[PDB]
Every structure is written in structure tokens, then in C-alpha cells.
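Trainee: Residue numbers (our numbering), protein chains in the order written: chain B, 288 to 512; chain G, 1374 to 1607; chain H, -9 to 198; chain D, 8 to 210; chain V, 36 to 265; chain W, 4 to 233; chain C, 19 to 230; chain S, 5 to 234; chain Y, 12 to 250.
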Ligand SMILES: *C(=O)[C@]1([C@@H](O)[C@@H]2C=CCCC2)NC(=O)[C@@H]2CCO[C@@]21C
């Protein structure tokens, strides 16, 4: 409590309490789920509707043609990170002319978040990103943390009620590598359904040859069964 | 804590939540979207009759097609609407088209959370203003809500300010997706009148319509505000 | 833009098995034959060779840049090299950046490599930054003293492409002042980069 | 290029050729040399085409920004001043802007000759361009204050036509604009080929 | 440079630094700006040692030949505001050749105060300013009140500083919709006198007539108007 | 206890750098990673206690490339771990730009310990809660930089939880007497003996820099040693 | 030192009622030497427009990369692909951003607008924009422009309506004009890249031309 | 200009003419071209008089600050390195062709420093317009370990050769003999003896002058005023 | 602003720089003692080389560093601060050689390190670098040996004999109570190692101490190989 002053302050236990507060800010975001097959990767999430007549706040974003990120936490910080990631993809498609690897984007966003947590006067991004990419590296899923680190996953859940989604993913973890695009999307939607408190769920799906695309609302009806 | 960009143990930006509270201390404003247009009805707080009402305008025309109503700190809202106007004219200059409502909303939101402290030379605190951005894009009226946190959401109906929660509760069973612009104006003014502490009058209210038929965000004159307040059931 | 310590002509041509690049191993100081056994090509990746005709100082600076960037992306990718297309794109963007800064690298840079998909990639970036991918690229007098000797055999058998490049470099040795010494041949194939033995490509001297 | 603008009792008539030509080749004959700035203000384009188009659309952006920031619209003097200050900040960069800011504001008709060099000259009759001397000759010889709208528009049209005839840099179609209190009116684009009288044997 | 975000939100949603700047304003001398169809009048009460100091240090300033400016609060923060406002009037003339709109210059002063509320390492101006003047582009005299928060509002008659609520009540009671210039003078003078127990020797009254510059009321005409009001 | 533990640059009255000590605590919390110099090369082995079974098998690296001859095992705060990895890559690139040759692990460790030390030497920085073991066979160097910025060459280095027992076990073997391929089973046995039962699923992310790799960093192939355990 | 290579090559754009036919010679060449016999100079910017750049190839590649970057940014920040008119304005502003270090490239932005109508925009290196029914750029611009003027009469009579030339007829006109330019302009040659933007999208054809 | 410094057995003899020309006209006939740097170092400079004077003053200040802070005798190679670096960083625009002549622990050292920053340790050096006429004497009369008087005469004769043969050189020969106060004691204090007007060529003096000065110009005074000097 | 006098390097109510004294104690935390003795013919600096764990490569556990060929530095303090000081003294030396054109004297290097420690003791955003530095070498201009100590406070002095580390007080006392104008480099080395051994109260081996003995012959800095260190230790164990 007394050491929860800055992101630059270590608590006597080695913990950065402001970093942990930002991580909790991510854990307070709406349920986000990511999956990874040998051919496709999926990010889905129950978008948040602050008001009854307000639309669901977009949660899935397309960083590059085969890269997308699902934000969980401060959506403004998520948009800032999306801007940064799109700049990184545009400078990798400028310097090298090809699409960056989602692993490199995870590295860059982790570096930026760590620099936010290592210099005073900066706050960790209050948003965690489930980034799915596809390329020469294959489909890859990364959960980037406010602390400045990204964890590579075959599946993952973050935000609120994400323990049920994590349990579902653990149960079906060995199914995912062979799951087709349609089956991976179905698994994503059925991991989110366990988190239900659809027109709220937005799902970005990418493949090795399939460019990243965002499906929302009725477009996902075919993947419920 | 003690620094602006600090997260509570609950995972909230304390300055952001306090700016949300500041918005809750601002004048009420109801934005009702209907297929014909988006209608703002705003409580103009007049501490005296000597206060020129037109000068405490809580409604700002960002561009011909897009407008904005503030709730909270009028000066922070002035900064936000200035940024939005510059963004709209820059977009017209760069792409020869009106800026999308979502686009300008996202730009001002990106501006909103860029506050910082402790680093050598930027704003030092979040904007204590929530905007109801609305306008006509591609023959469609779009209504967006920005709050100090920098998050924006598209809204069919929204309320910002002191009566925001009560106004939303009243809108629960009063708002429908197919209302006419007449009905949208009536609902906005009724909700505002219900969530203000003074009798509604053309002088203490500011009404503005992003009208699809005209494709433009206009601000209603005293005559139009009277034309709406007359129709109200009270 | 000024060339002083210049690398001679380069002729690269795709054949069935890969890309065959030839160039003398001599750097000329103005007109002087100053340095011998100096390869004009640098293996920047196991399947990516980079040569340049023109100022060799600007090609050593470009190779420093290329190797640094390949090392960056290799550390990022845990050993995986940039592709020939990516390396040439970086060279195109860095040489255009140099031209835009008014300090152009006065070397026409041939990037010859096998992309991981197995498609031969031969591209060239001129000092100004204008880049182009082609099945055969001549730089220096290898571009001028070429004719149809490469174009007729390009993408053909290794023997035919080798003979065409040998004809072009016989013309170069005959009619290029800066052409000095053996003509090194480098085969960039999907099986790696092989430096074939340098060959003295003698002009027909029964002319006298 | 040849652009002209004159203030008569009925408003501001702005007539412009449509030829863009560099050296000898005519790159275009349909160039629009009148760019609107405000509902009752336009800016003519002469000299560098890219410079005039970029800076007149930038001035339009600035005028719109000022009108939205402050309810009072940006006047023609203020708009021409903005443009001339921006252009003067680029003195020595070889910009080529010749541009008559012709508009009707709260103080009436206003034509301001704006140049890259930073000159901002108020006047009731201007002509900018290679053939501007010919348009000036026709105007100053045939201009009256009490011309009808049709008469003033035809005066501007014929001055641009004579400039196009006598100048290789001017040609295409005369875009005629009438600016009145009510707002900018685009009269017509008249092909100077049709304006030429081929029954005459002198020219 | 120093960026300590002096102005931050409190849990209740208030910028305590803005409250303190308002307190600084409310300890400043009373200012009363009133307008007529053609003339604006500003009356600032002056606290001074008449026998030992020059009363020529005025709270009323002239940002431009058409922009009159008075202030309540810290005299140094007000001097900075007035200096920046004069610079902005001249810069608006440089950029447009037109006299800066009274709304424009009032918005600029309010935006200066707002930037001090937003810029890290910057103390909000402890000054509330009455930016008055005439616009030819609108044919309307204007009187805007810019606050330390950075909010500016046009008023028919506004007062700032100490006793601002009493003078506001006086203005509300004795305001006429279509006052003459002398009626505006009488309203401003009487409103200031309601809290001041001294005549011309204390009050300072300036005015700006339609298409005119700022003229400071004499110590003879001011006293005559004071007696007429009483 | 006392207030000397908030500012990294502050010294405790005993000369202790409490923030540096807390960064070291962050290192000690993490699962142990170690490195051993062997006849044929240097072997870096990082224990990855997989928090979730959903983590990619073989993903989430703790050993990183720094140069085509330098690898970097990382212990402690993983954000700081990869920050130091990227700063080491940048330092190697800058060293090549300035000097043309490829950096050596001793002077790379010195250059990165410079950043480690700057973190707790100048205010406005957080000490890196990470220990980085740079290994290079081509430099026959195994230099571990600690959160303070203290860097030492080791015959066998290890940091993290149970690092003292891991070092005690590494002490039992003359690692230079053996090659990397026969060192892998020994290090794996060490970590498995010290692996805590609470972590069911986990992995041994082994890398080596050897003649078999031509001195290039390379993850120990799965066939040689399946890194994944249950 | 001039930072441009003054590469030759012609691009002929023709806007139609519902199509845009830009045909540009592939050849990259300057100073009697052909750097690349094939070097495409018409690029599909998005599903709404294509840009055809003739001139310095370094500046062609740089400007096309910048335009792709800006269109990707517009798609990300404004949530739809940049329209042909928006791309045209962006091309004008992008070229003018380098007004003092101009991209020595002449641009034809051809696309299909929201109305479904063809929209061709011609440019100079410094960013002059012009909504055109047809345009010609590059080394053979002077050669090709009379060809289009004869085919349409727009230069002869400016104010008359632009003739309703069919898509295939416009493609044939561009082919014939490019072949005439190739016959006369040395820089124009090798292969013609005949790109067509229609409601059906971006179509591309490769026609041989005299190499000599 | 003719400046020439040589190294004799016991020290250094620097010499310079005293003629500063403002083009083809002799502006100064007693110009000081030998600039005191430190007690042990003197620089005689050619080129631009302002550049020489200022750079010598600046380097003298640098070495005086050095000797003060560090208590160390300035080194001739140190002064030469500072001068050469400064002249190189100005890319030869400071047209100060200098000859540093001093005695440090390394003994008597004479360095040339070209305006572009190219320095060189040489036993005898001549710079300036008459540098060739001087160097001839220096070439013919300098030998290893010559005594003080012979080097004085040689350097004076080289400056005189520049004076007579070169138009840019003339008037007197100023010398400066850097030497150890006890030549037999290599550790003794390095003192300098400046011989102003060491040579005053009698054939180069004003040999005629009108004793009754003939003048037919009459001064008509428009206005006179006298003002006190305080 | 009160309360920063103990956490930042600002003077306390009693006028002390508490952070400076705490940097002195951090130097004490090095668990190592250095003793340097200067004589007309040589300067010998012996610093105990305590390797806590033998898994560490001892060649990297060094408190003696080459600043220049002629100037060595025996730095006792926090190892991170010691490495920062070796890099900052080498930077000082390189900048001095680039500007002045000759290798930095020990006196000037000590002055520059003192200036840095004064910027640390004044700039409140800079930690006082907890390194007691023994700079030593043969100054050419005087052709005589220089031996300076710069404390974390920046308090720099020239010493005939100096000591740093845990036994700094006791080592300095023994040095002053037994200092002599030695007539040989090996007598200087013997006195250095004898004082260090006595104050550390433990018998030394070459493995357990880094010794640099810069003589008029070997003026250039170099840590003595274990052979010479063992020879000096045996000479010190004779009496
Ligand atoms: C000498 O080189 C000379 C003198 O003015 C000289 C300059 C440096 C030291 C002070 C006096 N420089 C000149 O410009 C003239 C031209 C001939 O040489 C000069 C006399």
C-alpha cells in the first residue's frame, strides 16, 4: 500500500504495485479469449456496452493484414497501443516490405509497456492485448501485459470471468491445433459463452493464407450451433 | 499515489475516475439518435439573467455535419471541441470529405488520455469533460459518447452530466429505434426537463440537430427551442 | 554522388538452379587497378548474396547497414534470416533515404537470393534508390556490354547462363578499363551460396 | 495562365482561363483556376498550379476552422491576410502563387491580389498571369461600374478570351464566377474557341 | 522542464487548484463591467494609501484599441494575462488585419488560463478577467468573464473580485434591457458604490464608446455621476 | 522499514540500496535460470514454471539471442528481462556501428551493466528487476549482470528461486571437462531435483552456443533433450 | 547533384462513365539504358483506386509506399478504404508535402467513387490535382496527349460533353496510344500494363510492346 | 608575415616580424605576432591577425586554467593538440598559421599548426608570407644542439630575410627565447626572455622627413564646444 | 520539502550530506580492503580479492582496473558503482587524451572524478557513486609517482600511502604509523601487502589479493601475476 506510489517503485517483495494495479485494470476488462490452431488464430471478446442504447465498444482491432489484437482494459490505452502496433507494422512493411511477425509486435509492445513502467512520470498501459498473427512464423497468440511482458499462448483468457474461458480452453487445448477455422471460431464463441453474464461478441480470425477479419453480431450466428 | 497517472488497487486511473465525477458535476445533456437525425438537448445553467445564454453554449459545431455537446468542465470541453474542429478541417483538407463521426470522436478520445506528469516537456490532467459527438456521415446520423477515460461508444441514446444516470433510467422505457425527429426532439427535451432542477425554457436550454435530410449539424434557434418546449406534455 | 574506389561490372542471371553472379575481384582507384581478390559480393545470408558496382566504400557502408539489420531481425527471430525480398527492400529504402538526404550511395547494388518459398529473387537498387526485380541484371559495363547474350539464356540451364555471362564478361574485360583480373562466379541456389573458382575470361586477342 | 477579377456595382466578376502549360506543351485545357474558399469567397489560381491549389484549399480549411471556432465568418481581408502571411513565410522557396481573393464580406466586395512574394493589394480590378496584360487591356478599356451582371460577366469572359488569343499560356475555357452578397455564383465555362469571331480577318 | 501537474482532480471531481485560484480572485478588488447599446463601462474599486502612493496603477487595461480589459485577482498573474492578450491582439492584427473579435480575445485569455490549468508545472492564473469591447464584425458590445478555470461567458453586466455576489445582486436588480450609455455608467458606478464607502478618490471608471478607444473617466465627471446615482 | 526504500538512488544509513534489493527479490522470485561453460560450448538452461497449461510449448522464451554469437538467459522481472535483452541487442548493434566488429560478452556485460547502474544511479528510473546471463562460446564468456549492475564472469552461473542450491549443485561438476551434449542431462537433472512439486507443468528451455552450432546461439533441439515436462 | 534519375515511360489514363483505364508501359529506363524491361508502375492502392506513377522510379516506389501507408492509416483510423476522391486529395497533399523536394513523378489516380462513376485525377510532380476525363504522363505524354484529344475532342472543344466511350473502346484507345508512344518515345516500350478499375474491381492486363 | 621558431640545445627561439598589412598598405609597423601562451609556451602566428590574436588568447586562457586547476605546466604538444583541434573544427576558417614554441618535460619543442588544423613537430619552422625567405636561413643555419645565441641570430636573420625579401613582412625582428633558467638543470624553471625589436634594420627606417613640414591646408572650424572630461 | 535531507543529497539541519556518508558505508559494504603505498621508485596497490563463490570466474572479480596504460585505479565499493566508475574514469581519460593530446595524469583524473562525485553530491537526482577510488601511476611531467584517493564525497587527496574499504581506518593508521621513504620497489610492495594482510587479519595468497606494482621500469599499469604476488607475500611472511 505504502509502496504503491509509482510504476518505478519496487515493493519489498519485488512487486511493482502500480504494475499490479494496471494488471488488475486488465483483469477488469470484458472477457477476452484467444485461440491458436496450426493453421488459424482467433481472438474473440464480449464487447462492453456502457449503456442500454449505446453500442458495444469495439474490442477486436486489425493491426495488419494478418495481425489483430483484442484489447482488455482501458480501451483508450488499447487504441493507443493499436496505433503504436500499426505504426510498427507500417515501418516493418516500409523497411522490409513484408508483414511483421506478431511475435515482433508483442516484443515491441512489451518493450513500450516496460519503458512506461521503468521511467517515472509514465503509467503502464491499462490494457492487455490478445494479439493473433499469421505468417512465416505460423499462427501465434500473445497476451501482452501492462508490466511490459507478453506471454505466448495456444489459448488464453483475460478480463472478467476469464477463469471459465480458461477452463474451457484447457479442456479443449489439445483439440485446437487440428481445429479448422470454423471450429476454432466455434471454440472461441463457446469459451466466451461460459463467461456470459451474439451482438456483444466480436471475433477477429486470421489464417496463414486468410487475412485477419473481424466478425460481429449476426455474422457469428453461423458459428454458434 | 499522488501522481495523475496512477492506478488504484481496483485497477482504475484515479484521475480518470475523478474527471468522470467532474463530468457528473456538469450540466445535463441528452442525445437522442433517430433515423432522421441526432438531437442534443442541453441544460444551460444561468447563474443570472445577465449571463448571455448564447455565450455559455454547451453545443459546438465541430463541422458542417458533426457537432458536439459537453458535460463537465466547459474549458476542457472547449479544448476538446477545438481539437475536433481542427481535426475535421484537417480531414476535409487531407481527404476532400467530411470527417467521419467515429473518426473525429476517436481523435478527440486519443487526445483525452494523453495527460501526463513527471516527464520533462502535454496536458497534466484528463479532460474533465464528456462529449456527446454526433453528426451525419454518408447520409446517416451517428451519435457517439466520449468520457474522460478516452473510451468512446456509439449510442442510440445517451446522457451526460449531473442527471446522466437518472436520464438514462428515464430513457430506458422511453427510447425506441424508429422515432421521428419530432419524437426525438420531444424525448430529448422531456428527459432533460425531468433531470434538471429548473423549469424548462427556450433560454435555459440548448437544442441542436445533426439532421440527415440537411446532412448538417445545425444548432436550434430560440424559435425552434420554443417550438419543441411547447409540444411537451407538461 | 562521386565514385572513387569503384567495384567493376556485375552480371547476375537466373538459371534453372538459382542465380549466377559474376564480377571481377578488383577494386579500381579511378583508373588504377588498386586492389585484387576483393569480392564485389558479400554473403549477407546463407541464401542471400549482395554485390554492387560503383564506389566500394558506399557498398561497404551499405553492407554494414545490411548486416546490422539482418542481425537485428535474426536476434528478434532467434536465428531466422531476412528474406532476399526483405533485404532488397531494406536496401531500396536505405539507398533512397541516402539519395533523399543528398548523400547517395554511389553503387548499383544487386541483391541475389533464394526466398524461403524457393523463388529466385534478383533485384537491383541504383544509387538514386530506383529498384527493380529482374531475371537478369547487369550493373556497370556488365549492363552495357551485354546484348542478348544473357536475355536469350536467362532462366535456362546453368551451362547456358554461365556461357552468356562469360561472353558478357569477355566483352567487359575487352572493353572496360576497370575490368581487371579473374571473374568470380557465385551461385546462389536454394542449397546455399557457392563461390565457383574465379575464371580468367580472356578476350579474343587474335584481333591484332 | 490568365485570371481576372473586377468589382462593379453588381458584384465581383472573376473570369479565368483553364490552360496549364509548361514550356510549350499544353498539359491541360480544363484546369479550374477558381477555388472556392467560403460561401461568398473564392481564390483565383495563377502561376504555380500545385502551389495555388494547395494554399487555396489550405486557406479554405483555415476559413472553415475560423468560422467554426468563432461564429463570425472569416472576412475577405482576413482570409487574404492569412494566405499572404502563410505564403510569405515561404519566401525564398520559389513558390509561385498569383491569386485574387475575391469575396463579399460584411464590408462589401473585396478583391485582394495575393502573391507568393507576400504582396496583398486591395483593389477593384486585378489580372494575374502571363496573359494578364491582355485581360487588363480589355477590362480597363471596356470596364464600367454600372454594367449588368450579363455585361460584366461577358466583359470578364471576353478579356480572358483576348488573353488566351494573345498569350500561349492562356487558353481552354473561361470559368466565369459572379460573387454577390448572397454568395458565389458560377456563371458558366465558355470555350474560348466558341468566343473567337472567325468572320473577322484581323485576328 | 518542471511538470508537476499542479492542477489535478480531487475524488469529488473538483480541481482544488481552481478553487484556490477563485479564492485569489475573490480577494481581489471588485470590478463591474456593464454595457449599453453603444458604450461599455468598467468600474474597479481601488484600495490604496492615498497620501503615500500613486493611484495610477490601474486594474483596467487596454488589450487593443477596441479591447478593454479589467481583472480581479493576483496583479502579477493579471499582468501576464494582459501582456499575452495585448500580444494576441497584435498577432491577430498581423495574421488577419482585422481587429480581434472580443469573443476571440476573451476566448484567448480563457484559453491561457485553461492551459495553465492543463500544463504541468504551471500555476492556474489566480485572476478572473473582464474582457470587454466592440466588434465591427458583429455590431454588438461584448463583456466576457474569463475565470481561472478557463471558462469565459459573455454578460450584460458582470462583476468579479471581492463582494462579487453583492455587486451581482445590484446589477441584476438595477439592469435595464436597453440602457443608454449614461445609464450603463450609472449602473456600474452604483453597483461598485454599493460595497465602497468612498467616492471618486477610490473608484476607477473607464469606458469604451462605439468605435472608440478606452477612455478613463476623470475625477470630476466620475464624482458628478456618483452624486447623481446617489 | 524506514523511508530509504522508495527512491532507487537513495542510500540506506547502512549503505544498502533498498530498491536494488527489491529488484533482486524480484529476480529471486523467478524460476532459476543458469549457464555452464563446457568444452564444446556454453549451455544456458532456464526453468519455465508454466503458470497455465495453455502457454505455448516452447514459447515464452527466457534465453534470447543478443548476437550471432551471444545468447542471454534471463531471470526475474520478465518485462525487465526482455528490456535488457533488447538493450543488449541495441548495445551490440551500436558497438558494431562504432567499431565494426561484433561485441564480446565481457564488454557487452559492461555496457549493459551501465544501464543497470543508471537505473538506480540517476533518479527517474527503476532498477532492473532482472539478472541477465550473457553466454558466448566464441568469447568463452559467461557473464551474469545482477539488478544492481554488478556483472561477473562465471564458470557456472545461476539465478532465481533456489539459486543457491542450484549453484551448489553446479559446483559438483567440472563443466569445462565435458561437452554441451553431455552437460544437458546433468543440468536437466539439477533443475529437476530442484524443481518444486507445486508446479505440475513446466519446461527446461535449454540453449547452447557450441561448435556444433558453429558458435551461434540455438535452442537445444527437442530430439537431443525434450524440454517439455509434466 | 540531381537526386532524380528522370526515368522515362508513359502512362495514359482514361476516365469513363463507370470505368477507368490506365495503361502504363512497364519499362524502366533512362539515358539510353533499360534498367528493367518490366517494372510495373500502376498499383492497386485499395478496392477503390489505383495510382500510376511515371518518372524517377525511386520516387515512384517511395510515393507508392507512402500512399499505401496513408491508405492503411486511413482504413485503421477512419474505418473504411479511402475513396478515389479522398485518395486523390491525399495524393495531392502527399506530393505537395515534398513541394521543395518534389517526387519527380506524374501521378494518375484512377478509381470508382461511391457513386460508381469513374474518377481519373492527373498530377504534376509538385502535386497539382486535376479531375480529368483523360490524361497522359511521362516521357511520351506529349506524344500521347494528341491521341486522346483526337479520340475524344475534349481539348478541341472543352465545354462539350465527354463522349460516352465504352470500357473496351477506352482500353483499345489506351493500347493504341501506348503503342504509338512506344513507336516514337524511346523510353516507352517493353510491356504495357493496362489496368482497369470498374465496379468489378481492379483488373490487369499485360500486352507486349516493341522492345527496341 | 615572417614567423620562425627553432629549437636550440637549451630551449626554443621564436621570432616574428612586426608588420601587419591591411592589404598592400602597412597598417602596423610594431605589430606583435609573438603571443604569450604560458610561461613555458609562446606562439608566433601568421594569417589573419584577429584570428591569430584571438586563438592565442583563448588557448593561453585554456592553459592558464589548466595550470591553475591541475597545477601542471602546459605541454607544448598539449598546446599544439588544442590549437590543431580548434583550427580543424573551424575547417581552416580561423586563418591562424601558428608556430608553438615551448619547453616541457619532453624538452624544447617547436610545432607548426596550419590554419586547417594540421600540426607537426619540427626542429625549425617558418610560416607567413616570408616563410620561405626565413626557412632558407633556417635550413642553412640550424643544427642539432646549437647554443642560445647562435639560434637567436639565426632566427633573427630568418625573420630579417622574410622582412627584406617579402613585402608582407618588414619593420623589426621581435624574438622570444624560451629557456630553462638553469640550462644544466633539466628540471629548472622554464622562463622566457622576450627581445622586442631584437633587430631594428637601419636601412629599413624612415631616412628622410621634411624638417619644416610644408602644408597649405587651412582648417576652417564650423563649430567648437568644450566639455569636461568628468 | 523537509525530510529530503536523509533520502536525497541535500544538507541536513546539522549540515551533513547523509547520502554521502551512506555512500561511504556502501563502500564499506564491498567486503574488501585496499592499501596503496607510494615510494620514490614505485607505487604498489594491493586489494584483497575475496571471491565469495568459486563458481565465479576470478579474473572478473577485480577491484583494480586499467584507466590508461600509465594510470591504474583500485576501486573499492559497490560492484555496479565500481564498473560505472571504471567506465567514467576511462571516459575522462579518453576525453582528456582527445582534447589535450596526452594521457590523463592521475591528479587530473582524480580531479575529474571528484567533480563527478560533487555533481552526485549536489544534483539530488544523482546518487553519490559509492566508490572509494585509489588512482595511481607515474606522471611523466614530474616523472614521479602519483597516488590519489577520491572518496564518494569527492574528497580527493594525494597520498604517500592510502587505504580504502572495511579496514580503511585501521589500514590508514597502520600505514601512517609505519610509512617509510622506501628505497626499492619491492620494499614498497612488501609494506603494501604487509599492511593489507595485518589489517585484514588473515593470511593472503596470490589468489586472495590483486596487486599492481608500478615501478620506474614497469610504469605502465598491470595487475601483478600470481608469481610476483606470491614472492612478495613470502617476503612479507619472512618477518
Ligand atoms: C601576416 O601573415 C599578416 C599580418 O597581418 C599578421 C597576421 C597575423 C599576426 C598579426 C600580423 N597577415 C596578413 O593578412 C598580412 C598579409 C601579409 O602578411 C600579413 C602582414
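C-beta: ideal position from N, C-alpha, C; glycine also.
#1: Which value, in whole angstroms, describes the spacing of the CA atoms of residue 127 of chain D and residue 133 of chain C?
#2: Does the segment 197 to 214 of chain W come close enough to the segment 123 to 143 of chain W that 3 or more CB-CB pairs lie under 8 Å?
#3: Does residue 159 of chain C have its Cβ less than 9 Å from a Cβ in chain D?
#4: On the DSSP bridge assignment, give the partners of residue 430 of chain B in chain order.
#5: Quick one: does residue 71 of chain Y have its CB under 9 Å from some CB of chain W?
#6: Roughly how many angstroms separate the alpha carbons of residue 20 of chain S and residue 38 of chain S, rounded to a whole number?
#7: Taking just the CA atoms, how far does residue 114 of chain W sit from residue 98 of chain S?
#8: How about residue 169 of chain S: is its Cβ closer than 8 Å to a heavy atom in ligand 1?
#9: Pull the bridge partners of residue 110 of chain D from the DSSP assignment, please.
#10: For the segment 412 to 424 of chain B and the segment 452 to 461 of chain B, state whether three or more C-beta atom pairs, one from each stretch, are separated by less than 8 Å.
#11: Tell me which residues share the same chain as residue 102 of chain C and place their Cβ nearer than 7 Å to its Cβ, disregarding the 5 neighbours each side in the sequence.
#12: Apart from the five residues just before and just after residue 116 of chain D, which ones in its own chain have a Cβ nearer than 6 Å to its Cβ?
#13: Please list the partners that residue 1451 of chain G has in chain V, where partner means a Cβ-to-Cβ separation under 9 Å.
#14: Between which two residues does the alpha helix (DSSP H) containing residue 29 of chain C stretch?
#15: Should residue 65 of chain S go down as buried or exposed, given a rule of 16 or more other Cβ atoms within 10 Å for buried?
#16: How close, in whole Å, do the beta carbons of residue 139 of chain S and residue 103 of chain S come, if the pair is a contact with beta carbons under 8 Å?
#17: Residues in the segment 71 to 86 of chain D with C-beta within 7 Å of chain V's C-beta atoms, listed in sequence order?
#18: Give me the Cα-Cα distance between residue 75 of chain D and residue 61 of chain W, rounded to the nearest whole angstrom.
#19: What residue range does the beta strand (DSSP E) around residue 32 of chain S cover?
#20: Indicate whether at least one CB of chain G lies closer than 9 Å to the CB of residue 111 of chain C.
#21: Excluding five sequence neighbours on each side, which residues of the same chain lie with their C-beta closer than 7 Å to the C-beta of residue 186 of chain W?
#22: Which runs of the beta strand (DSSP E) fall wholly inside the segment 1411 to 1481 of chain G and span at least 3 residues, in chain order?
#23: Does the separation of the CB atoms of residue 207 of chain W and residue 169 of chain W fall below 9 Å?
Mentor: Well, looking at it:
#1: C-alpha separation (whole angstroms): 41 Å.
#2: yes
#3: yes
#4: DSSP lists B:417 and B:438 as partners of residue 430 of chain B.
#5: yes
#6: 6 Å
#7: Put simply, the backbone Cα of residue 98 of chain S is about 39 Å away from that of residue 114 of chain W.
#8: No, the beta carbon of residue 169 of chain S sits no closer than 8 Å to any heavy atom of ligand 1.
#9: D:48 and D:117
#10: no
#11: These residues qualify, in order along the chain: 66, 67, 127, 129, 130, 131 and 137.
#12: 14 and 19
#13: Near residue 1451 of chain G (Cβ distances below 9 Å), the residues of chain V are 142, 145, 146, 149, 185, 186 and 187.
#14: Careful: residue 29 of chain C lies outside any alpha helix (DSSP H), inside the beta strand (DSSP E) at 28 to 33.
#15: exposed
#16: With 8 Å as the limit, residue 139 of chain S and residue 103 of chain S do not qualify as a contact, their Cβ atoms being about 11 Å apart.
#17: 77, 79, 82, 84 and 85
#18: 58 Å
#19: 30 to 32
#20: yes
#21: Answer for residue 186 of chain W: 39, 41, 46 and 178, listed in chain order.
#22: 1439 to 1445
#23: Contact flag unset, no.
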